[PDB]
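Every residue, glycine among them, receives a Cβ derived from its backbone with ideal geometry; neighbour counts consider all protein chains shown. What follows is calculated from the coordinates using simple rules that are stated; it is not laboratory data.
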Amino acid sequence: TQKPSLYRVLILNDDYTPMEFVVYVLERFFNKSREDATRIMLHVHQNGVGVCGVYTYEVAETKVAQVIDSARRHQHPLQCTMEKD
Ligand SMILES: [Mg+2]
């Protein structure tokens, strides 16, 4: 049997990226509702890290890349990474 092997995408808190931009990232790249995006945004602000979604490895890599691309082009240092789920 092929067991599941999925990967969670994380964002890390920083003191520079605006809250509104994080909500945007979550809505756009992780299909979060405004409320759910706000929820995750606040969790990351308070606790340092949060889960954006869980995907197959290649899809997780794609989302991490899209977030970093978007963040840097918007002049924000937002860190996005992935880990085995
Ligand atoms: Mg697990």
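Rounded to the nearest 10 degrees, the inclination of helix 19-30 to the longest alpha-carbon principal axis of the chain is 30 degrees.
Between 0 and 90 degrees, rounded to the nearest ten: what's the tilt of helix 57-73 against the longest Cα principal axis of the chain? Taking the Cα atoms of the chain, the angle to 57-73 is about 10 degrees. For the pair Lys3 and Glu61, label points projected 7 Å from Cα toward Cβ lie 2.3 nm apart.
In degrees from 0 to 90, rounded to the nearest 10, what is the angle of the helix 34-47 Cα long axis to the longest principal axis of the chain? Between helix and principal axis, roughly 80 degrees. Exposure proxy shown here: for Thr38, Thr62, the number of other Cβ atoms within 10 Å sets the order, fewest to most, as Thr62, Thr38. Convex hull volume of the C-alpha atoms in the chain, normalised per residue: 83 Å³.
Taking amide H as placed 1.01 Å from N in the peptide plane, the amide H of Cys52 sits under 5 Å from that of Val9, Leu10, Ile11, each at least 5 places away or on another chain. At what distance in angstrom do the alpha carbon centres of the stretch 31-57 and the stretch 2-16 lie from each other? Here the two parts' Cα centres lie 10 Å apart.
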